[PDB]
Ligand SMILES: C[N+](C)(C)C[C@H](O)CC(=O)O
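Numbering (the numbering used here), first residue to last: 1 to 591.
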C-alpha cells in the first residue's frame, strides 16, 4: 500500500536552455564576448548541428535511467574531484552551544544525541519517514537512506561511497573518537532493542577513560588530505590486519561521534567563527583535526566547552536532509525519557588501535602539513543578522530567499563595481532521486536594480520598482529551477554526452563566456532549519566566497567564507556589506 512514484527528472528543451544561458550571460560578459557567444550558440543549435545530436542523447539517457543525471553528477561533483574533502567539499554545521559544563553533562548530551539518531533510524530502517511535500507535491526521500552507516572510500583514480545500512546484518555499532583514538560502541542489545541513554552514557565513560592519553598519532588526519595522497596513505595504513579492522569498523559504523578537546584562546569576537572552523576542519593538526575520519558520511561533534555540530561528507548527501535529521535529533534530545531498559552487564567498548610504522608516521606528518596550509588559507565568518528574518520580506509579499539573494547581489556590487557568476543551490527533489540544479542570481534584472540602488539620479519609486522586479524575477528563476527548468545541469549533461558520443568538447563550452559563467565568485545555498543552526563550506574558486544561511522568522544566520590567497576577498567585509544591503533594501521598501 503506497502512493505513486515521483516524476522523473526532465531533460529541458535545447532552445529553452540555450536562450536562458544567453540571457544569464548578459550581466557578466562583455558586449564583444556576448556577441561571439551568441554566434557560437547559433552554430551550436544549428539544424543538423552538434547540439541537436547531444540533446537527442540526453533524451535517450533519460529513457534508459531512473534519473539521467544522477551518476554523472555524483562522479563529476564529488567522486572524481580530487581536492581534499575538508573545506572544499564537506559542509559543516554549528549548533547553538549546549549548556553542559562538566564531563557528565557532555557525555549525557552525546548519549541523548546518539539515542535520537537511533530513534530517527527506526523510520530510516523501516522506510516510514513522513514524506516531505513541496507545493502540495511529494518529495523524493532517497537522500535520507544515504546518510547512516556509510563512508567514502579513497581510490587511486576516483572515490566510492560504501553504504552498509541495508546489508543482511546491518551494523549495530557507532564509532566514537576521543584524543584521536577510535572506539567501536555497540548501541543495540542482542534482542535488537537499542541501549538506553543511561547505558550509552556508562559506555561513553569507559571510552573516555580508555582514551585519556594525548600523544597518540592522529591517524584520522590522513582523511583530510588530497584524495590522491589519501588514497596512497590509505593503502599503506590498512596493510596491517589490526589497522584494517579498525578502519573497517569506522567505515561500517552507523555514524561517528567526535569528543573534541576545547580550542585555544580566541578573541571573544572571533569565537563563533573559530567554532565554525572547528566544525568544518577541526581547527588544526594540533587541535581536533585528527579527532576525525573525514570520509565518514555523518560525524557529530561534541566539544568540551559545549560547542556542537556536525560535518557531513557531501558525495551522496545534501544540506536539507542533513538538517532535517539534525532537527529531529535535537528535538528528541529534549523529549522525556520514557522506558529505561533494565540493568544488564555492559561490555567494554573496543578500542580500535593502529600500528604505526615510519611510513605511516610520514604520511601523517605530511597530512598535518597539507591541512595546516589549507586551514591557514581559509577565512570564514559567521554573521547573525538580527534585524529581521523571513518576516519582513513576507510582509512585503516577497519571497524571503529571493530578497536575501538580491541583498547579496547588492553587497557584491557595492564592493566590486560589477556583477559576478553566482550560484544558488536548488533542490530537485520533486523528481525521483533528484539532487540539485543551479539558480543563477546574477541577472539583467538584478544588475539594473543594483546599479540604480545608489544612483542619486534615480527616483525612490524607480528603485523600489527595480527591487521588486529583481526579487520577483529571482523567485521565478528559483521556481523554474525547482521544476527542472534551469539550464546548468542540462549544459553539463550536454558536455558529458559529448564525451559519451566520442566528440570533442563543443565550442560553446570552451568559450570565454562559459568559463566565466562557471567561475562562481559567489557560491551560495539557503538551508532552512528549525534548529537555530548555520551551515558553511569553502568557496569553490580561489577568488570567490561561500555563502550559506538559515532564515528564521525574525533573524537570519549567515556564514561566509573566502581564501586568504586572494587579497581582494574578505569574508568579514562581505558580511558587513551584506548586512547593510539587507538593511538598505528594507529601508527603501518602507519609505
Ligand atoms: C555548497 N555548494 C553550493 C557549492 C554545493 C551545494 O552544497 C550542493 C549543490 O548545490 O549541489
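Don't be surprised by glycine CBs; every beta carbon is placed ideally from N, CA and C.
Query	Result
Residues bridged to residue 535 [DSSP beta-bridge criterion]	93
Near ligand 1: residue 382 beta-carbon under 6 Å from a heavy atom	no
Ligand 1 site residues, beta-carbon cut 5 Å against heavy atoms	425, 436, 523, 525 and 537
Three-state secondary structure assigned by DSSP to residue 358	helix
Rounded straight-line distance, which links the Cα of residue 9 to that of residue 67	6 Å
Beta-ladder partner(s) of residue 439, from DSSP	424
Stretch-stretch touch, CB-based, cutoff 8 Å, three pairs: the region 151–162 with the region 245–255	yes
According to DSSP, residues forming a beta bridge with residue 184	175 and 350
Segments assigned beta strand (DSSP E), at least 3 residues, entirely inside the region 283–317	298–303 and 308–312
Euclidean distance between Cα positions of residue 144 and residue 322	8 Å
Three-state secondary structure (DSSP) of residue 378	strand
8 Å contact criterion, which residue 80 and residue 158 should meet: CB distance rounded	4 Å
Boundaries (first-last residue) of the alpha helix (DSSP H) holding residue 512	512–518
N- and C-terminal bounds of the alpha helix (DSSP H) containing residue 574	571–590
Exposed unless 16 or more other CB atoms sit within 10 angstroms - verdict on residue 410	buried
Beta-carbon spacing of residue 380, residue 470 below 7 Å	no
Run of the alpha helix (DSSP H) containing residue 389, from where it starts to where it stops	Per DSSP, residue 389 belongs to no alpha helix (DSSP H) and is neither H nor E.
Cutoff 6 Å; reference residue 214; Cβ partners in own chain excluding five residues on either side	179
Cβ pair count under 8 Å reaching 3, the region 272–289 against the region 84–93	yes
Residue 368 beta carbon less than 7 Å from that of residue 285	yes
Continuous alpha helix (DSSP H) stretch holding residue 21: start and end	14–25
Inter-residue spacing [alpha-carbon to alpha-carbon] between residue 390 and residue 315	30 Å
Spatial distance of residue 101 from residue 329 (CA atoms)	21 Å
Where the beta strand (DSSP E) through residue 402 begins and ends	Note, residue 402: premise wrong, no beta strand (DSSP E); alpha helix (DSSP H) at 400–416.
Reduced DSSP category for residue 393 - H, G, I as helix; E, B as strand; rest coil	helix
Delimiting residues of the beta strand (DSSP E) encompassing residue 429	Per DSSP, residue 429 belongs to no beta strand (DSSP E) and is neither H nor E.
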